[PDB]
$ cat protein.pdb   # PDB, C-alpha atoms and all ligand atoms
MODEL        1
ATOM      1  CA  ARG N  17     246.072 117.065  53.674  1.00  0.00           C
ATOM      2  CA  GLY N  18     243.465 114.725  52.212  1.00  0.00           C
ATOM      3  CA  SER N  19     240.703 117.086  51.109  1.00  0.00           C
ATOM      4  CA  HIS N  20     237.842 115.966  48.888  1.00  0.00           C
ATOM      5  CA  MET N  21     238.503 118.951  46.614  1.00  0.00           C
ATOM      6  CA  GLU N  22     242.069 117.813  45.911  1.00  0.00           C
ATOM      7  CA  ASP N  23     240.994 114.293  44.937  1.00  0.00           C
ATOM      8  CA  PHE N  24     238.233 115.764  42.768  1.00  0.00           C
ATOM      9  CA  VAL N  25     240.696 117.996  40.902  1.00  0.00           C
ATOM     10  CA  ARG N  26     242.964 115.056  40.084  1.00  0.00           C
ATOM     11  CA  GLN N  27     239.972 113.074  38.791  1.00  0.00           C
ATOM     12  CA  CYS N  28     238.335 115.995  36.942  1.00  0.00           C
ATOM     13  CA  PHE N  29     241.298 117.469  35.019  1.00  0.00           C
ATOM     14  CA  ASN N  30     243.812 115.673  32.822  1.00  0.00           C
ATOM     15  CA  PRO N  31     247.269 114.822  34.215  1.00  0.00           C
ATOM     16  CA  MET N  32     249.246 117.364  32.168  1.00  0.00           C
ATOM     17  CA  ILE N  33     246.980 120.131  33.486  1.00  0.00           C
ATOM     18  CA  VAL N  34     247.268 118.976  37.108  1.00  0.00           C
ATOM     19  CA  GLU N  35     251.066 118.826  36.967  1.00  0.00           C
ATOM     20  CA  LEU N  36     251.400 122.245  35.325  1.00  0.00           C
ATOM     21  CA  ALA N  37     249.162 123.757  38.008  1.00  0.00           C
ATOM     22  CA  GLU N  38     251.126 121.939  40.722  1.00  0.00           C
ATOM     23  CA  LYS N  39     254.385 123.311  39.305  1.00  0.00           C
ATOM     24  CA  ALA N  40     252.816 126.776  39.156  1.00  0.00           C
ATOM     25  CA  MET N  41     251.595 126.768  42.763  1.00  0.00           C
ATOM     26  CA  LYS N  42     254.836 125.386  44.205  1.00  0.00           C
ATOM     27  CA  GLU N  43     256.812 127.909  42.144  1.00  0.00           C
ATOM     28  CA  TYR N  44     254.880 130.667  43.941  1.00  0.00           C
ATOM     29  CA  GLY N  45     255.213 128.902  47.308  1.00  0.00           C
ATOM     30  CA  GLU N  46     251.700 127.475  47.622  1.00  0.00           C
ATOM     31  CA  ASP N  47     250.436 124.008  48.513  1.00  0.00           C
ATOM     32  CA  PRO N  48     247.812 122.258  46.345  1.00  0.00           C
ATOM     33  CA  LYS N  49     247.031 119.991  49.320  1.00  0.00           C
ATOM     34  CA  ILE N  50     245.811 122.875  51.537  1.00  0.00           C
ATOM     35  CA  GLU N  51     244.896 125.755  49.205  1.00  0.00           C
ATOM     36  CA  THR N  52     242.744 123.334  47.246  1.00  0.00           C
ATOM     37  CA  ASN N  53     240.181 125.815  45.891  1.00  0.00           C
ATOM     38  CA  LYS N  54     242.984 127.747  44.195  1.00  0.00           C
ATOM     39  CA  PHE N  55     244.403 124.434  42.939  1.00  0.00           C
ATOM     40  CA  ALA N  56     241.047 123.957  41.219  1.00  0.00           C
ATOM     41  CA  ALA N  57     241.109 127.542  39.939  1.00  0.00           C
ATOM     42  CA  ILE N  58     244.412 127.407  38.034  1.00  0.00           C
ATOM     43  CA  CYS N  59     243.541 123.988  36.575  1.00  0.00           C
ATOM     44  CA  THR N  60     240.341 125.538  35.216  1.00  0.00           C
ATOM     45  CA  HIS N  61     242.259 128.585  33.967  1.00  0.00           C
ATOM     46  CA  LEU N  62     244.868 126.354  32.310  1.00  0.00           C
ATOM     47  CA  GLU N  63     242.295 124.181  30.533  1.00  0.00           C
ATOM     48  CA  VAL N  64     240.359 127.241  29.356  1.00  0.00           C
ATOM     49  CA  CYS N  65     243.578 128.807  28.049  1.00  0.00           C
ATOM     50  CA  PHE N  66     244.381 125.610  26.143  1.00  0.00           C
ATOM     51  CA  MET N  67     240.896 125.279  24.644  1.00  0.00           C
ATOM     52  CA  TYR N  68     241.111 128.946  23.621  1.00  0.00           C
ATOM     53  CA  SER N  69     244.344 128.471  21.663  1.00  0.00           C
ATOM     54  CA  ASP N  70     242.819 125.353  20.069  1.00  0.00           C
ATOM     55  CA  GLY N  71     240.107 127.554  18.541  1.00  0.00           C
ATOM     56  CA  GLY N  72     242.238 129.577  16.135  1.00  0.00           C
ATOM     57  CA  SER N  73     243.998 128.370  13.011  1.00  0.00           C
ATOM     58  CA  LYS N  74     247.269 126.422  13.117  1.00  0.00           C
ATOM     59  CA  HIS N  75     249.803 129.190  13.852  1.00  0.00           C
ATOM     60  CA  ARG N  76     247.471 131.812  15.339  1.00  0.00           C
ATOM     61  CA  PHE N  77     248.268 131.699  19.055  1.00  0.00           C
ATOM     62  CA  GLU N  78     251.475 131.666  21.052  1.00  0.00           C
ATOM     63  CA  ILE N  79     250.774 130.095  24.447  1.00  0.00           C
ATOM     64  CA  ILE N  80     252.349 131.978  27.362  1.00  0.00           C
ATOM     65  CA  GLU N  81     250.333 130.445  30.206  1.00  0.00           C
ATOM     66  CA  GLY N  82     251.600 127.117  31.493  1.00  0.00           C
ATOM     67  CA  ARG N  83     255.270 127.983  31.043  1.00  0.00           C
ATOM     68  CA  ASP N  84     257.672 128.537  33.892  1.00  0.00           C
ATOM     69  CA  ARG N  85     257.983 132.224  34.715  1.00  0.00           C
ATOM     70  CA  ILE N  86     261.432 132.730  33.173  1.00  0.00           C
ATOM     71  CA  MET N  87     260.574 131.044  29.868  1.00  0.00           C
ATOM     72  CA  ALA N  88     257.204 132.813  29.638  1.00  0.00           C
ATOM     73  CA  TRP N  89     258.890 136.220  29.827  1.00  0.00           C
ATOM     74  CA  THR N  90     261.544 135.046  27.353  1.00  0.00           C
ATOM     75  CA  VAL N  91     258.893 134.330  24.716  1.00  0.00           C
ATOM     76  CA  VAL N  92     257.153 137.638  25.484  1.00  0.00           C
ATOM     77  CA  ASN N  93     260.424 139.493  24.888  1.00  0.00           C
ATOM     78  CA  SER N  94     260.848 137.744  21.533  1.00  0.00           C
ATOM     79  CA  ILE N  95     257.224 138.480  20.600  1.00  0.00           C
ATOM     80  CA  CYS N  96     257.703 142.163  21.426  1.00  0.00           C
ATOM     81  CA  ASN N  97     261.100 142.371  19.711  1.00  0.00           C
ATOM     82  CA  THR N  98     259.599 141.056  16.446  1.00  0.00           C
ATOM     83  CA  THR N  99     256.138 142.690  16.471  1.00  0.00           C
ATOM     84  CA  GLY N 100     257.019 146.037  18.042  1.00  0.00           C
ATOM     85  CA  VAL N 101     254.213 145.554  20.580  1.00  0.00           C
ATOM     86  CA  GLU N 102     254.688 147.158  23.990  1.00  0.00           C
ATOM     87  CA  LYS N 103     256.007 144.866  26.721  1.00  0.00           C
ATOM     88  CA  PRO N 104     253.058 144.060  29.033  1.00  0.00           C
ATOM     89  CA  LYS N 105     253.555 144.827  32.710  1.00  0.00           C
ATOM     90  CA  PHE N 106     252.296 141.401  33.824  1.00  0.00           C
ATOM     91  CA  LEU N 107     252.404 137.999  32.188  1.00  0.00           C
ATOM     92  CA  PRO N 108     249.515 137.506  29.742  1.00  0.00           C
ATOM     93  CA  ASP N 109     248.150 134.105  28.750  1.00  0.00           C
ATOM     94  CA  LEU N 110     248.389 134.077  24.932  1.00  0.00           C
ATOM     95  CA  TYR N 111     249.556 136.132  21.971  1.00  0.00           C
ATOM     96  CA  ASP N 112     247.356 136.533  18.895  1.00  0.00           C
ATOM     97  CA  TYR N 113     249.495 136.453  15.756  1.00  0.00           C
ATOM     98  CA  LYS N 114     246.426 137.193  13.619  1.00  0.00           C
ATOM     99  CA  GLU N 115     245.366 140.372  15.441  1.00  0.00           C
ATOM    100  CA  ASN N 116     248.763 141.253  16.994  1.00  0.00           C
ATOM    101  CA  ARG N 117     247.749 141.566  20.635  1.00  0.00           C
ATOM    102  CA  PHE N 118     248.348 139.800  23.921  1.00  0.00           C
ATOM    103  CA  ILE N 119     245.290 138.154  25.488  1.00  0.00           C
ATOM    104  CA  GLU N 120     244.566 137.968  29.222  1.00  0.00           C
ATOM    105  CA  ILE N 121     241.904 135.298  29.767  1.00  0.00           C
ATOM    106  CA  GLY N 122     239.803 135.368  32.922  1.00  0.00           C
ATOM    107  CA  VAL N 123     237.616 132.771  34.634  1.00  0.00           C
ATOM    108  CA  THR N 124     235.468 134.165  37.451  1.00  0.00           C
ATOM    109  CA  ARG N 125     232.664 132.910  39.688  1.00  0.00           C
ATOM    110  CA  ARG N 126     231.261 136.432  40.137  1.00  0.00           C
ATOM    111  CA  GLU N 127     229.403 138.469  37.517  1.00  0.00           C
ATOM    112  CA  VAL N 128     231.464 139.352  34.458  1.00  0.00           C
ATOM    113  CA  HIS N 129     231.319 143.136  34.970  1.00  0.00           C
ATOM    114  CA  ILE N 130     233.249 143.220  38.246  1.00  0.00           C
ATOM    115  CA  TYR N 131     236.102 140.923  37.184  1.00  0.00           C
ATOM    116  CA  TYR N 132     236.749 142.713  33.877  1.00  0.00           C
ATOM    117  CA  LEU N 133     236.996 146.100  35.609  1.00  0.00           C
ATOM    118  CA  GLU N 134     239.501 144.799  38.168  1.00  0.00           C
ATOM    119  CA  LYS N 135     241.356 143.126  35.296  1.00  0.00           C
ATOM    120  CA  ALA N 136     241.377 146.420  33.360  1.00  0.00           C
ATOM    121  CA  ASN N 137     242.333 148.814  36.166  1.00  0.00           C
ATOM    122  CA  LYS N 138     245.004 146.383  37.388  1.00  0.00           C
ATOM    123  CA  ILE N 139     246.249 145.871  33.822  1.00  0.00           C
ATOM    124  CA  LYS N 140     246.588 149.553  32.843  1.00  0.00           C
ATOM    125  CA  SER N 141     248.477 148.130  29.854  1.00  0.00           C
ATOM    126  CA  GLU N 142     246.523 149.903  27.123  1.00  0.00           C
ATOM    127  CA  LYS N 143     247.358 147.436  24.349  1.00  0.00           C
ATOM    128  CA  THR N 144     246.531 143.971  25.719  1.00  0.00           C
ATOM    129  CA  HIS N 145     243.184 142.311  24.993  1.00  0.00           C
ATOM    130  CA  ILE N 146     241.003 141.008  27.823  1.00  0.00           C
ATOM    131  CA  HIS N 147     238.521 138.107  27.611  1.00  0.00           C
ATOM    132  CA  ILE N 148     236.474 136.833  30.579  1.00  0.00           C
ATOM    133  CA  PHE N 149     234.421 133.667  30.922  1.00  0.00           C
ATOM    134  CA  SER N 150     232.159 132.868  33.872  1.00  0.00           C
ATOM    135  CA  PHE N 151     230.884 129.625  35.365  1.00  0.00           C
ATOM    136  CA  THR N 152     227.322 130.615  34.373  1.00  0.00           C
ATOM    137  CA  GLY N 153     227.997 131.141  30.661  1.00  0.00           C
ATOM    138  CA  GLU N 154     228.553 134.888  30.328  1.00  0.00           C
ATOM    139  CA  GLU N 155     231.515 136.447  28.529  1.00  0.00           C
ATOM    140  CA  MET N 156     232.885 139.908  27.785  1.00  0.00           C
ATOM    141  CA  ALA N 157     235.908 141.018  25.778  1.00  0.00           C
ATOM    142  CA  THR N 158     237.637 144.305  25.028  1.00  0.00           C
ATOM    143  CA  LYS N 159     235.847 146.392  22.372  1.00  0.00           C
ATOM    144  CA  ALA N 160     233.283 143.552  22.144  1.00  0.00           C
ATOM    145  CA  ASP N 161     235.822 141.676  19.977  1.00  0.00           C
ATOM    146  CA  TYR N 162     235.685 138.072  21.190  1.00  0.00           C
ATOM    147  CA  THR N 163     238.464 136.948  18.792  1.00  0.00           C
ATOM    148  CA  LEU N 164     237.296 133.358  18.325  1.00  0.00           C
ATOM    149  CA  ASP N 165     234.254 131.922  16.571  1.00  0.00           C
ATOM    150  CA  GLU N 166     230.985 131.310  18.403  1.00  0.00           C
ATOM    151  CA  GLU N 167     231.405 127.522  18.518  1.00  0.00           C
ATOM    152  CA  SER N 168     234.864 127.613  20.117  1.00  0.00           C
ATOM    153  CA  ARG N 169     233.839 129.919  22.971  1.00  0.00           C
ATOM    154  CA  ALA N 170     230.553 128.026  23.357  1.00  0.00           C
ATOM    155  CA  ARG N 171     232.311 124.740  24.133  1.00  0.00           C
ATOM    156  CA  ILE N 172     234.465 126.628  26.643  1.00  0.00           C
ATOM    157  CA  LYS N 173     231.276 127.761  28.389  1.00  0.00           C
ATOM    158  CA  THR N 174     229.835 124.229  28.231  1.00  0.00           C
ATOM    159  CA  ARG N 175     232.944 122.826  29.926  1.00  0.00           C
ATOM    160  CA  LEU N 176     232.876 125.501  32.639  1.00  0.00           C
ATOM    161  CA  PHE N 177     229.280 124.670  33.556  1.00  0.00           C
ATOM    162  CA  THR N 178     230.025 120.927  33.587  1.00  0.00           C
ATOM    163  CA  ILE N 179     232.816 121.623  36.088  1.00  0.00           C
ATOM    164  CA  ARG N 180     230.326 123.567  38.221  1.00  0.00           C
ATOM    165  CA  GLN N 181     227.812 120.699  38.282  1.00  0.00           C
ATOM    166  CA  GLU N 182     230.360 118.027  39.210  1.00  0.00           C
ATOM    167  CA  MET N 183     231.514 120.299  42.038  1.00  0.00           C
ATOM    168  CA  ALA N 184     227.933 120.917  43.191  1.00  0.00           C
ATOM    169  CA  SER N 185     227.076 117.205  43.047  1.00  0.00           C
ATOM    170  CA  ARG N 186     229.925 116.651  45.543  1.00  0.00           C
ATOM    171  CA  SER N 187     228.876 119.585  47.788  1.00  0.00           C
ATOM    172  CA  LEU N 188     232.126 121.372  46.860  1.00  0.00           C
ATOM    173  CA  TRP N 189     230.650 124.226  44.803  1.00  0.00           C
ATOM    174  CA  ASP N 190     229.532 126.337  47.775  1.00  0.00           C
ATOM    175  CA  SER N 191     233.067 126.348  49.188  1.00  0.00           C
ATOM    176  CA  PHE N 192     234.619 127.152  45.805  1.00  0.00           C
ATOM    177  CA  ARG N 193     232.283 130.044  44.977  1.00  0.00           C
ATOM    178  CA  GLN N 194     233.055 131.755  48.307  1.00  0.00           C
ATOM    179  CA  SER N 195     236.818 131.289  47.867  1.00  0.00           C
ATOM    180  CA  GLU N 196     237.007 134.005  45.194  1.00  0.00           C
TER     181      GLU N 196
HETATM  182  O1  LIG F 201     248.570 134.662  35.537  1.00  0.00           O
HETATM  183  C1  LIG F 201     248.070 134.841  36.646  1.00  0.00           C
HETATM  184  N1  LIG F 201     248.773 134.887  37.776  1.00  0.00           N
HETATM  185  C2  LIG F 201     250.210 134.666  37.820  1.00  0.00           C
HETATM  186  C3  LIG F 201     250.575 133.413  38.575  1.00  0.00           C
HETATM  187  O2  LIG F 201     250.078 133.538  39.910  1.00  0.00           O
HETATM  188  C4  LIG F 201     250.067 132.425  40.706  1.00  0.00           C
HETATM  189  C5  LIG F 201     249.606 132.524  42.010  1.00  0.00           C
HETATM  190  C6  LIG F 201     249.590 131.397  42.813  1.00  0.00           C
HETATM  191  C7  LIG F 201     250.026 130.186  42.331  1.00  0.00           C
HETATM  192  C8  LIG F 201     250.480 130.091  41.038  1.00  0.00           C
HETATM  193  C9  LIG F 201     250.504 131.204  40.215  1.00  0.00           C
HETATM  194  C10 LIG F 201     246.581 135.003  36.801  1.00  0.00           C
HETATM  195  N2  LIG F 201     246.112 135.307  38.019  1.00  0.00           N
HETATM  196  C11 LIG F 201     244.797 135.449  38.192  1.00  0.00           C
HETATM  197  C12 LIG F 201     244.287 135.784  39.579  1.00  0.00           C
HETATM  198  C13 LIG F 201     243.706 137.202  39.706  1.00  0.00           C
HETATM  199  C14 LIG F 201     244.963 138.029  39.928  1.00  0.00           C
HETATM  200  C15 LIG F 201     245.688 137.211  40.971  1.00  0.00           C
HETATM  201  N3  LIG F 201     245.336 135.827  40.618  1.00  0.00           N
HETATM  202  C16 LIG F 201     245.907 134.762  41.208  1.00  0.00           C
HETATM  203  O3  LIG F 201     246.355 134.872  42.346  1.00  0.00           O
HETATM  204  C17 LIG F 201     245.975 133.443  40.479  1.00  0.00           C
HETATM  205  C18 LIG F 201     244.899 132.446  40.886  1.00  0.00           C
HETATM  206  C19 LIG F 201     243.799 132.283  39.863  1.00  0.00           C
HETATM  207  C20 LIG F 201     242.478 132.623  40.149  1.00  0.00           C
HETATM  208  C21 LIG F 201     241.470 132.469  39.217  1.00  0.00           C
HETATM  209  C22 LIG F 201     241.758 131.967  37.970  1.00  0.00           C
HETATM  210  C23 LIG F 201     243.047 131.621  37.651  1.00  0.00           C
HETATM  211  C24 LIG F 201     244.052 131.777  38.590  1.00  0.00           C
HETATM  212 CL1  LIG F 201     245.671 131.315  38.122  1.00  0.00          CL
HETATM  213  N4  LIG F 201     243.932 135.300  37.139  1.00  0.00           N
HETATM  214  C25 LIG F 201     244.385 134.995  35.873  1.00  0.00           C
HETATM  215  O4  LIG F 201     243.576 134.867  34.943  1.00  0.00           O
HETATM  216  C26 LIG F 201     245.761 134.847  35.724  1.00  0.00           C
HETATM  217  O5  LIG F 201     246.195 134.548  34.491  1.00  0.00           O
HETATM  218 MN    MN F 202     248.383 133.863  33.458  1.00  0.00          MN
HETATM  219 MN    MN F 203     244.545 134.855  32.750  1.00  0.00          MN
ENDMDL
END

$ encode --input "protein.pdb" --output "structure tokens" --more "lines below"
Ligand SMILES: O=C(NCCOc1ccccc1)c1nc([C@@H]2CCCN2C(=O)CCc2ccccc2Cl)[nH]c(=O)c1O
Ligand SMILES: [Mn+2]
Ligand SMILES: [Mn+2]
Amino acid sequence: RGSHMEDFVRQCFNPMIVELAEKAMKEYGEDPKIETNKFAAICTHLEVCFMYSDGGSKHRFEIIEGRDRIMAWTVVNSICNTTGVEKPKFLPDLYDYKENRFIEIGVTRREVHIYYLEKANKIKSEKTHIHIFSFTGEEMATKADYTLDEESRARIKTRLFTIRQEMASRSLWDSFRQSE
């Protein structure tokens, strides 16, 4: 209890994000007060997922991440039963109504090549689309199709680096980079 990282997360991310991540961790039997680096990780993933869906047009994206597990799979079933898209083996983060594909968004502190490969071999779902951002500003997506416009992904990268600096300025970055 009482880590600097936990107090930083609550001050760095907005309350709706923090509570959704708290719900997510407790749902999977994990404590945000002890596994604080993870706590930071899902908050980052949540905010990136929400900025991503803000980049399309009005009705482009269905948001799967941030739901409770039962309701997330319910919406996936309805998406599949109306688009004819194969049911993904694991929960994705969004659905693209424009390009008719599920999106799995990744945020990694290692180089982009390694995370994508793990995300692809562990997906094995041939149809889903994969998009990785890093805390240094690199990105890679399936078939080099990055879905969104340059400006929308750019502000995602800007926000990721700002998170890194605020962590580093509190001597918390070294611990977070070695957690993954
Ligand atoms: O959806 C995902 N996991 C289902 C929920 O798992 C939970 C597990 C515990 C509590 C609460 C939830 C998911 N997992 C992952 C990663 C790599 C595979 C395992 N992993 C996790 O252990 C989630 C922790 C994490 C790390 C980095 C960024 C974001 C996150 Cl969340 N990376 C995603 O991008 C993603 O979307
Ligand atoms: Mn997810
Ligand atoms: Mn994801």

$ axis_aligned_box --input "protein.pdb" --around "segment 150-155 of chain N" --padding-each-side "5 Å" --output "lines of an AutoDock Vina configuration file"
center_x = 229.7
center_y = 133.0
center_z = 31.9
size_x = 14.8
size_y = 16.8
size_z = 16.8

$ residues_around --input "protein.pdb" --residues "segment 107-111 of chain N" --least-positions-apart "2" --cutoff "12 Å" --atoms "all atoms listed in the file" --output "PyMOL selection string"
chain N and resi 61-70+72+75-96+99+101+103-105+113-122+135+139+141+143-147+163

$ closest_residue --input "protein.pdb" --among "N:133, N:156, N:21, N:34" --to "residue 53 of chain N" --atoms "all atoms listed in the file"
N:21

$ residues_around --input "protein.pdb" --residues "residue 20 of chain N" --least-positions-apart "3" --cutoff "12 Å" --atoms "all atoms listed in the file" --output "PyMOL selection string"
chain N and resi 17+23-28+49-50+52-53+56+183+186-189+191

$ closest_residue --input "protein.pdb" --among "N:177, N:162, N:44, N:131" --to "ligand LIG 201 (chain F)" --atoms "all atoms listed in the file"
N:44

$ residues_around --input "protein.pdb" --residues "residue 150 of chain N" --least-positions-apart "6" --cutoff "7 Å" --atoms "all atoms listed in the file" --output "list in words"
residues 123, 124, 125 and 128 of chain N

$ closest_residue --input "protein.pdb" --among "N:165, N:98, N:157, N:195" --to "ligand LIG 201 (chain F)" --atoms "all atoms listed in the file"
N:195

$ atom_distance --input "protein.pdb" --atom1 "atom CA of residue 132 of chain N" --atom2 "atom CA of residue 48 of chain N"
26.4 Å

$ atom_distance --input "protein.pdb" --atom1 "atom CL1 of ligand LIG 201 (chain F)" --atom2 "atom CA of residue 100 of chain N"
27.4 Å

$ closest_residue --input "protein.pdb" --among "N:148, N:57, N:184, N:164" --to "residue 41 of chain N" --atoms "all atoms listed in the file"
N:57

$ atom_distance --input "protein.pdb" --atom1 "atom CA of residue 171 of chain N" --atom2 "atom CA of residue 137 of chain N"
28.7 Å

$ closest_residue --input "protein.pdb" --among "N:46, N:130, N:149, N:37" --to "residue 175 of chain N" --atoms "all atoms listed in the file"
N:149

$ closest_residue --input "protein.pdb" --among "N:151, N:19, N:112, N:134" --to "residue 181 of chain N" --atoms "all atoms listed in the file"
N:151

$ decode --input "protein.pdb" --residues "segment 148-162 of chain N" --atoms "N, CA and C atoms" --output "mmCIF file, in the first residue's frame"
data_model
loop_
_atom_site.group_PDB
_atom_site.id
_atom_site.type_symbol
_atom_site.label_atom_id
_atom_site.label_comp_id
_atom_site.auth_asym_id
_atom_site.auth_seq_id
_atom_site.Cartn_x
_atom_site.Cartn_y
_atom_site.Cartn_z
ATOM 1 N N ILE N 148 0.302 -1.211 -33.021
ATOM 2 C CA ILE N 148 1.146 -1.024 -31.842
ATOM 3 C C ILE N 148 1.640 0.414 -31.801
ATOM 4 N N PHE N 149 1.609 1.009 -30.611
ATOM 5 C CA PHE N 149 2.335 2.231 -30.309
ATOM 6 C C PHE N 149 3.390 1.941 -29.245
ATOM 7 N N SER N 150 4.452 2.744 -29.241
ATOM 8 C CA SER N 150 5.510 2.618 -28.252
ATOM 9 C C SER N 150 5.681 3.940 -27.517
ATOM 10 N N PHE N 151 6.353 3.877 -26.369
ATOM 11 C CA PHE N 151 6.592 5.080 -25.581
ATOM 12 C C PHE N 151 7.689 5.962 -26.161
ATOM 13 N N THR N 152 8.333 5.546 -27.253
ATOM 14 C CA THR N 152 9.323 6.369 -27.932
ATOM 15 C C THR N 152 8.775 7.070 -29.166
ATOM 16 N N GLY N 153 7.666 6.589 -29.725
ATOM 17 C CA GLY N 153 7.048 7.251 -30.858
ATOM 18 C C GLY N 153 6.976 6.409 -32.116
ATOM 19 N N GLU N 154 7.311 5.128 -32.012
ATOM 20 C CA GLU N 154 7.255 4.226 -33.152
ATOM 21 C C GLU N 154 5.912 3.504 -33.189
ATOM 22 N N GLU N 155 5.489 3.129 -34.394
ATOM 23 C CA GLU N 155 4.226 2.432 -34.584
ATOM 24 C C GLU N 155 4.347 1.469 -35.758
ATOM 25 N N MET N 156 3.549 0.405 -35.710
ATOM 26 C CA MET N 156 3.481 -0.567 -36.790
ATOM 27 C C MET N 156 2.109 -1.219 -36.772
ATOM 28 N N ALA N 157 1.525 -1.375 -37.955
ATOM 29 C CA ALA N 157 0.199 -1.950 -38.098
ATOM 30 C C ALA N 157 0.209 -3.001 -39.199
ATOM 31 N N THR N 158 -0.787 -3.884 -39.144
ATOM 32 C CA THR N 158 -0.890 -4.975 -40.103
ATOM 33 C C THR N 158 -1.004 -4.430 -41.522
ATOM 34 N N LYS N 159 -0.228 -5.018 -42.437
ATOM 35 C CA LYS N 159 -0.222 -4.634 -43.851
ATOM 36 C C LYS N 159 0.099 -3.153 -44.039
ATOM 37 N N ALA N 160 0.814 -2.565 -43.078
ATOM 38 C CA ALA N 160 1.189 -1.152 -43.087
ATOM 39 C C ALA N 160 -0.019 -0.231 -43.217
ATOM 40 N N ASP N 161 -1.206 -0.718 -42.862
ATOM 41 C CA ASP N 161 -2.433 0.076 -42.899
ATOM 42 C C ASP N 161 -2.692 0.554 -41.476
ATOM 43 N N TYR N 162 -2.416 1.833 -41.228
ATOM 44 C CA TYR N 162 -2.528 2.419 -39.902
ATOM 45 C C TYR N 162 -3.905 3.032 -39.646
#
